[PDB]
Structure formats: structure tokens, C-alpha cells
Amino acid sequence: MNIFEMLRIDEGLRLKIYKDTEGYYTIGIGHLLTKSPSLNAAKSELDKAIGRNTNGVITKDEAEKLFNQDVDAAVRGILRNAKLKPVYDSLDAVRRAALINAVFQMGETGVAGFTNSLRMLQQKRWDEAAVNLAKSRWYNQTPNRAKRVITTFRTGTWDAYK
Ligand SMILES: [Cl-]
Ligand SMILES: [Cl-]
């Protein structure tokens, strides 16, 4: 089990443009295309990303390539982030996977705002941070995914995923 298999489980794989849980235009493995309501805009963003006239449909290889770029962007944001870097550095390999997940899903700014939970994570107060991570819009909108991620922060194992 690794970050790639993990996110692949949480995001699934779709070869045609689709709408996410928030109603946004997405494609592949959670690759958000635009917050815009226009399918045209979405189509245009996808063609830009792939480098071709896609017609709103991509192939497996293509989805995987976006996915690779996105995981890499995610890690890089955490390391560049003044609030994130430190938490990340202090954690073990599994728990690091869970922070990358959360970022991939909510953006760095987004995760960087969870001030209190970050602090508890850093202090290694597992049960405490889990509860705190639970009091969020994130947990209320996507309860099952959040449950999995939070369980990973709490335990330090892949149990929620096996
Ligand atoms: Cl892109
Ligand atoms: Cl969910």
C-alpha cells in the first residue's frame, strides 16, 4: 500500500469528464478541471492539460500521467508550505501518506488552515487530532473518505484501506 494505491481507492478512475462531490468538472483520478459551470470551459481546460483536442474523453495512460503530476505537485506544496513542512517532517511514512491525501483533496491552503489539528499531529497526540479533524465541513460532506484518512492519522497503519 502506498500513496498512489491509496488515492486511487479514494478517487476512482473515470475516462470522461464528470462532476465531483461539490459539482465541479473533473476527469481521471480526481483531477479537477475548473470551478466554472461551463462544460466548454472544462473541455478547454482538459485539452490544455493533455495537449490535444480531446473531445472530453481521455485514455488510461493519460489519466495516469495527470495523476503522477498531481501527486508530485501535492508533495511539493507541502514541502514549500511554511505551515505544512514541519508537520510532514515530524511524521512517520504512513501518516505522511495521509497528509498528502488531504492536501491532494483540499489544497494546501485548505489543509494549512487546520491550525489546531496540525499542532496536535506534530505533538503526536493521535486520538486528540482525530477528533479535531472530525469537526469540519470536510468530515461532514465526505464522511467515509474522511473516516479513512483520519483513521490513518490516528493509527499509523493501512487498516482502513485493507
Ligand atoms: Cl495540468
Ligand atoms: Cl465519502
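Residues numbered from 1 in each chain as written, not as in the entry; some residues may be left out. Chains lettered and ligands numbered in written order. Heavy atoms only, no water.

Before going further, it helps to spend a moment on the packing of aromatic side chains. Per the counting criterion, the structure on display carries 3 aromatic pairs. Seen from their ring centres, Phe-67 and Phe-104 are 6.1 Å apart, and the 85 degrees between their planes marks the pair as edge-to-face. Here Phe-104 lies in helix α5 (residues 93–112) and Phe-67 lies in helix α3 (residues 60–80), a separation of 37 residues in the sequence. The buried category is assigned to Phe-67, whose relative accessible area is 6%. Overall, the relative accessible area of 14% leaves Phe-104 in the buried class. What links up through ring pairs into an aromatic cluster is the set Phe-4, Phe-67 and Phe-104. (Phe/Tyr/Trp six-rings, centres within 6.5 Å; stacked < 30°, edge-to-face > 60°. Helix = DSSP H or I, 4+ residues; strand = E, 2+ residues; numbered from the N terminus. Buried < 20%, exposed > 50% of the residue type's maximum accessible area, 1.4 Å probe, protein only.)

A word on the sheet that holds strand β3 (residues 31–34). Pairing in this open sheet of 3 strands is antiparallel, and the strands run β1-β2-β3 from one edge to the other. Strand pairing shows two members of the sheet lacking a second neighbour, β1 (14–19) and β3, which therefore form its edges. With strand direction ignored, the average angle separating the axes of adjacent strands in the sheet is 25 degrees. (Pairing = 2+ DSSP bridges. Axes fitted to C-alpha atoms, helices over the stretch in contact; angles between N-to-C directions.)

One non-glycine residue, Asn-55, lies in the positive phi region at around 75 degrees. For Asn-55, the location among the structural elements is in the loop between α2 (39–50) and α3. Phi at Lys-124 is positive, roughly 70 degrees, even though this residue is not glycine. Position of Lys-124 among the secondary structure elements: in the loop between α6 (115–123) and α7 (126–134). Residue classification places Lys-124 among the partly exposed residues on the basis of a relative accessible area of 41%.

Time to look at the UniProt feature "active site" in the protein chain. UniProt feature "active site": in the numbering of this structure it lies at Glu-11 and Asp-20. Along the polypeptide, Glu-11 turns up in helix α1 (residues 3–11). In contact with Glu-11, not counting residues within four places along its chain, are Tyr-18, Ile-29, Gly-30, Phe-104 and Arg-145. In this fold, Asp-20 is placed in the loop between β1 and β2 (25–28). (UniProt positions renumbered as here; feature names shortened; annotations may be inferred. Contact = heavy atoms within 4.5 Å.)

Here the idea is simple: oppositely charged side chains can pair when their charged atoms come close. Throughout the structure, instances matching the rule amount to 11 salt bridges. In this structure, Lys-85 engages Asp-89 in a salt bridge whose closest nitrogen and oxygen atoms are separated by 3.0 Å. Pair noted here: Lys-85 and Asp-89 are both in helix α4 (residues 84–90), with a separation of 4 residues, about one helical turn. A relative accessible area of 35% places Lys-85 in the partly exposed class. The partner of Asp-92 in a salt bridge is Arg-95, and the shortest N-O contact between them spans 3.0 Å. Overall, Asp-92 belongs to the partly exposed group, its relative accessible area being 28%. The exposure class of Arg-95 is buried, given its relative accessible area of 8%. Taken together, the shared-partner salt bridges connect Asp-10, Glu-11, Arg-145 and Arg-148 into one network. (Salt bridge = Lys/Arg side-chain N within 4 Å of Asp/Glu carboxyl O.)

With that settled, consider α2. Across its 12 residues, α2 extends 16 Å between first and last C-alpha, which sits within 8% of the 16 Å expected from 1.5 Å per residue. Those residues of α2 hidden inside the fold are in contact with β1, β2, β3 and α3. Between the side-chain oxygen of the N-cap and the backbone nitrogen of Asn-40 there are 3.0 Å, and the N-cap of α2 in question is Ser-38. (Expected span 1.5 Å × (residues − 1). Polar contact = N/O pair within 3.5 Å; in protein donor to acceptor, adjacent residues only side chain to side chain.)

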